[PDB]
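Here is the structure we will look at.
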Amino acid sequence: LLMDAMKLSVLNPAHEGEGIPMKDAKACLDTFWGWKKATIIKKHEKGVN
Amino acid sequence: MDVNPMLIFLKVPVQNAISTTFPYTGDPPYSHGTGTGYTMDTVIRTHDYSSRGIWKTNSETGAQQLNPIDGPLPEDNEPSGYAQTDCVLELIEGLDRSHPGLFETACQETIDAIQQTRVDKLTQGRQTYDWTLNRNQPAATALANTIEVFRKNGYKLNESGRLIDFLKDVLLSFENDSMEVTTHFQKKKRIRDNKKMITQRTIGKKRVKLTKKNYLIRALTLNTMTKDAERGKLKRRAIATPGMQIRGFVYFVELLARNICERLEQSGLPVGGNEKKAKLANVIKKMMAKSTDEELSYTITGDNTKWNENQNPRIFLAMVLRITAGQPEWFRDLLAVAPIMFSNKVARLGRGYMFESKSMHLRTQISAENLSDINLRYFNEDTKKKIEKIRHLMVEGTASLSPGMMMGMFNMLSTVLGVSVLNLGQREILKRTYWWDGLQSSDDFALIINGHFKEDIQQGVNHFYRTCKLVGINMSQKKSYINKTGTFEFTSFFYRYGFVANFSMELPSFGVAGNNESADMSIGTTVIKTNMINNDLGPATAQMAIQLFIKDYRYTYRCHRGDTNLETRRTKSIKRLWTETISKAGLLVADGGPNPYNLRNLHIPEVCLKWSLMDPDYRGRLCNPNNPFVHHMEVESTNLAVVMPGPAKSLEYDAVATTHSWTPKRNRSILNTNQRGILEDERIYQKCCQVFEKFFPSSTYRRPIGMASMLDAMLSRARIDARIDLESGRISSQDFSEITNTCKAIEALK
Amino acid sequence: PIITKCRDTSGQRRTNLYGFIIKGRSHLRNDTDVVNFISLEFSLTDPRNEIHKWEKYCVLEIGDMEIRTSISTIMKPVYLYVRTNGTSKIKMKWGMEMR
Amino acid sequence: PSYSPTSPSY
RNA sequence: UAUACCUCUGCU
RNA sequence: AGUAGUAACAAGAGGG
Ligand SMILES: [Zn+2]
Numbered sequence: 283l284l285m286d287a288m289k290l291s292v293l294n295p296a297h298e299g300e301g302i303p304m305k306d307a308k309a310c311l312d313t314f315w316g317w318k319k320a321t322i323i324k325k326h327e328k329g330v331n
Numbered sequence: 001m002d003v004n005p006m007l008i009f010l011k012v013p014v015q016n017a018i019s020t021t022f023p024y025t026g027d028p029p030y031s032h033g034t035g036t037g038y039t040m041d042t043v044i045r046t047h048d049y050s051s052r053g054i055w056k057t058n059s060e061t062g063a064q065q066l067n068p069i070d071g072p073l074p075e076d077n078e079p080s081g082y083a084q085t086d087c088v089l090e091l092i093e094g095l096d097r098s099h100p101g102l103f104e105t106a107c108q109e110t111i112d113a114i115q116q117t118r119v120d121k122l123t124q125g126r127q128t129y130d131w132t133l134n135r136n137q138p139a140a141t142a143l144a145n146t147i148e149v150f151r152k153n154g155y156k157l158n159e160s161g162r163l164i165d166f167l168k169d170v171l172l173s174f175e176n177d178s179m180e181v182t183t184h185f186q187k188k189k190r191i192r193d194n197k198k199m200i201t202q203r204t205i206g207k208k209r210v211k212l213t214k215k216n217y218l219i220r221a222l223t224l225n226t227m228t229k230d231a232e233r234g235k236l237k238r239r240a241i242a243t244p245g246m247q248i249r250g251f252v253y254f255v256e257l258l259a260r261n262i263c264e265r266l267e268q269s270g271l272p273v274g275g276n277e278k279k280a281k282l283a284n285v286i287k288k289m290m291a292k293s294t295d296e297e298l299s300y301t302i303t304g305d306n307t308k309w310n311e312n313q314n315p316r317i318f319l320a321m322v323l324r325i326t327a328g329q330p331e332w333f334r335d336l337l338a339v340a341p342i343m344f345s346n347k348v349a350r351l352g353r354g355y356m357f358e359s360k361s362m363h364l365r366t367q368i369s370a371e372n373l374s375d376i377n378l379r380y381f382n383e384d385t386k387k388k389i390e391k392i393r394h395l396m397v398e399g400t401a402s403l404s405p406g407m408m409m410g411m412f413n414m415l416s417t418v419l420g421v422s423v424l425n426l427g428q429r430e431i432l433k434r435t436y437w438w439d440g441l442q443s444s445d446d447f448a449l450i451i452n453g454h455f456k457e458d459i460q461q462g463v464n465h466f467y468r469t470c471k472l473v474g475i476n477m478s479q480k481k482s483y484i485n486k487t488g489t490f491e492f493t494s495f496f497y498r499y500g501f502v503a504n505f506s507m508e509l510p511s512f513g514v515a516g517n518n519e520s521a522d523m524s525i526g527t528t529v530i531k532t533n534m535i536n537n538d539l540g541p542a543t544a545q546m547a548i549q550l551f552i553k554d555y556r557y558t559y560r561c562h563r564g565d566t567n568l569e570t571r572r573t574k575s576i577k578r579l580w581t582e583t584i585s586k587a588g589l590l591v592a593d594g595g596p597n598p599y600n601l602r603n604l605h606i607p608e609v610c611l612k613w614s615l616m617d618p619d620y621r622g623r624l625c626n627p628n629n630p631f632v633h634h635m636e637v638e639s640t641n642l643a644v645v646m647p650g651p652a653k654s655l656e657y658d659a660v661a662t663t664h665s666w667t668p669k670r671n672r673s674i675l676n677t678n679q680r681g682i683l684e685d686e687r688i689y690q691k692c693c694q695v696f697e698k699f700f701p702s703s704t705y706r707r708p709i710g711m712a713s714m715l716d717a718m719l720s721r722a723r724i725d726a727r728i729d730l731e732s733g734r735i736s737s738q739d740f741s742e743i744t745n746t747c748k749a750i751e752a753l754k
Numbered sequence: 479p480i481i482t483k484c485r486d487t488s489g490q491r492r493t494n495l496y497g498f499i500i501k502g503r504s505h506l507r508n509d510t511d512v513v514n515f516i517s518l519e520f521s522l523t524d525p526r527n528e529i530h531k532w533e534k535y536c537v538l539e540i541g542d543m544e545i546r547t548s549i550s551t552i553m554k555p556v557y558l559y560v561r562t563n564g565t566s567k568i569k570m571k572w573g574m575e576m577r
Numbered sequence: 013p014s015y016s017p018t019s020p021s022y
């Protein structure tokens, strides 16, 4: 995604490519709460949604 | 506001902001699957442009050969190949008059070459089609394969070592009507193992005799494939690879044409970028000096459409014979070989096609050889038509292709045809109200037409255009254009009252070359350097190009700085080196050290630049001549990489041989095929050549000459080295007998 | 995970997460050979306002976010743009070189 | 504007 | 024929 | 499905 992208982020002294990706990824997920039960709001017409 | 970069051209001239129109930071187009569709397209189109010519079946191959030359004159502007022999010879004579003694010395230099040239010289250069295996192979293996099969039959003139003798063997080999070739094939053996019996793939060889047609067809065969990574084109196109039989002849013909082109102001070939610009600058200078203030000047930014498809082998035979007039008839006939083989050339149709069944969910491959007999229900409408037209030309798998040429077959002699049309434009030949000069390299040209009034320019263009048609050259009316002299384009050089920068052309050369850690650092810094000089890469951007290269280099080779918090497979060993090291500044970037480069020192190799600042023990390990990582190559192939901007040239770089001068692992797909044995041949040939160099150290610098045997040469040296080392030296008396006993023991084993 | 790192104008270093990519099998021989992947990327964009843009995507609504502004906390739904996609060794090479 | 859709203050 | 494994290959 | 684009990938080959 280009202009439509959205970020979850953390403040983090690490440099421009430092730390284990999935550990950093979980650190970013833990900043956000209010996850819902997932629901399809726009289908991929040619695919099993 | 909607942002539009094109509106910059309202203020900034298009040449001055031309970099914005070159999208060369994205992946270029690649062909997926087969090029058989394209090879047939080319073969069909080639014959369409020559269709009014004269069909004749060949005596030796049975191939149906179209001859368009001296044919009917064209009556439209469509791509034609009806070149007129007399019109060609007039232009080549015109070229001879205008440059007295050129053809003479050109031939005289080519004579000396043919005498001095060895069979070695065909180990160099790009891949050749191998008739032994019906596949592309490296030059040297295709050579060794052809020599082996020639030696196994009754042909060993090349045993002399000189190339002209190998060329004799090639012409003598057409007389054999039972040419023997060892093929290879897989065999499924069963052997016990510890206590179960498992199946085992092994490979055995089988001899096969060939017809007089079969062999001849293969020697006139040129391979085909799609050209990948080609910029500036919506559609892919087919390219071709010469075989081993024609190649040595092509070498000497292109060598003549090279010696001609070297002394022609109007040839862009074979000179480099800056010299092409100097040459263009000279003709503009010369055209302006020789005109009056009353006269006009217009410049055609010029492209020839369907260049290779309309250049004919018969016309190339006319040129070669006229250029060689009055020289020895053996030399004329030798150089005439290549054009002849090109006139009777046949093209392999490629991989073939792949079929798919949606309902069954299966796929299948069919060979291009099957296109002759296969049912046409499978194919789409366009492909079916192409197969029906190709069937008329088809000869034992291949497709006959007498007229025209194909890309990657032949080089500089076609430029000589173009240059001779430029040479016709002198004031002293035309004697009209108009006259011309220019530069040419292959299908691209810049033509400058001077005249008294704009009507004279029009007449000049038509005269140039129509004369070009008479020798099978077709100027593109779609892609060429004309304007008053002052701006033009030529091979992506842009002139605007002087040549301007085209930096974006070079953008794909900014990166990590992928040779090794040593070579890439040298290559990378030199790309930045040469662009600062040649393409207006400014100092700030050049500094940033250093920065970005170091990032790309550090990530690619996993050699981040020794004090980094990053974590790769190499960070731990680089950290050990970092803390162990006293003078950190001396560590190379590949050993976790800092970047030393800025503008002023791009020309200084890294090891050299850091040498004062290295720890003694690190430096002594780094440059240790006993290290197991380097490939001790020949001198002639030391510090050479390969680059693609032209065809595919070599790039020399400046680097100190270190543990970073390593070589990546070889491809291992051959292990699954029938050619698996080639690996063992190589291993055996390398150990034999390795041991020879212990008796002849200078063989790694200068290729040794000798009709004598490899073992016998080593034995002669073994005895005499033991002699002088004892007779007046530091070897004992008992050891001389020990060496000569072994030499006698080896002499007994034969 | 789709990660980038950056520093603010204020100087603070930060790690951002945009979503995830699930790599398929990748026995990539030819330079054009394809790897199939699935991209699952966060967004606040309502896909129905420009549905032609998103032909290849299946967009989920996966959460709600309290977003801070001048002097009013706003509640917006959080979408997840899911799709199957593909790339090759050559296309990846040139993506690595985008600097 | 009020907020950033790409880097929202949450 | 299906389902597990095992081996080689990733420009040849 | 998706990649892609004038023809392919969506593993190939073998233990048959
Ligand atoms: Zn770094």
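Residue numbers (the authors' numbering), protein chains in the order written: chain A, 283 to 331; chain B, 1 to 194, 197 to 647, 650 to 754; chain C, 479 to 577; chain D, 13 to 22. Every residue, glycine too, gets a C-beta built ideally from N, C-alpha and C.
Residue i CB to nearest heavy atom of ligand 1 below 7 Å
i	result
residue 562 (chain B)	yes
residue 531 (chain B)	no
residue 553 (chain B)	yes
residue 786 (chain B)	Since the first and last residues shown for chain B are 1 and 754, residue 786 (chain B) lies out of range.
Boundaries of the alpha helix (DSSP H) in which residue i is found, first to last residue
i	result
residue 276 (chain B)	275-292
residue 548 (chain C)	Run containing residue 548 (chain C): none; DSSP gives neither H nor E here.
residue 497 (chain B)	Element bounds for residue 497 (chain B): not the alpha helix (DSSP H) but the beta strand (DSSP E), 495-498.
residue 390 (chain B)	383-395
residue 454 (chain B)	Unbroken run through residue 454 (chain B): none, as it is neither H nor E.
residue 739 (chain B)	737-753
residue 688 (chain B)	681-699
residue 643 (chain B)	Run containing residue 643 (chain B): none in the alpha helix (DSSP H); it sits in the beta strand (DSSP E), 642-644.
residue 712 (chain B)	Element bounds for residue 712 (chain B): n/a, residue is neither H nor E.
Rounded separation between residue i and residue j - CA only
i	j	result
residue 304 (chain B)	residue 475 (chain B)	12 Å
residue 227 (chain B)	residue 314 (chain A)	54 Å
residue 61 (chain B)	residue 202 (chain B)	42 Å
residue 436 (chain B)	residue 425 (chain B)	14 Å
residue 348 (chain B)	residue 667 (chain B)	39 Å
residue 748 (chain B)	residue 727 (chain B)	15 Å
residue 527 (chain B)	residue 559 (chain B)	16 Å
residue 387 (chain B)	residue 499 (chain B)	50 Å
residue 284 (chain A)	residue 523 (chain C)	11 Å
residue 258 (chain B)	residue 615 (chain B)	52 Å
residue 52 (chain B)	residue 319 (chain B)	21 Å
residue 188 (chain B)	residue 206 (chain B)	11 Å
Unbroken beta strand (DSSP E) run spanning residue i, endpoints
i	result
residue 480 (chain C)	480-485
residue 305 (chain B)	298-305
Contact test: residue i Cβ vs ligand 3 heavy atom, cutoff 7 Å
i	result
residue 474 (chain B)	Of the ligands this structure carries, namely ligand 1, none is ligand 3.
Requested in this report: Any chance you could list the beta strand (DSSP E) runs of at least 3 consecutive residues sitting entirely within the stretch 497-527 of chain C, in chain order?
Outcome: 512-521
Query - Completely contained beta strand (DSSP E) runs for the stretch 212-287 of chain B, where each covers 3 or more residues - result: 223-228, 240-243
Requested in this report: Kindly provide the ranges of any alpha helix (DSSP H) runs that are 4 or more residues long and lie completely inside the stretch 401-483 of chain B, ordered along the chain.
Outcome: 415-425, 429-432, 456-471
Query - Within the stretch 335-374 of chain B, ranges of the beta strand (DSSP E) (whole runs, at least 3 residues) - result: 355-359, 364-368
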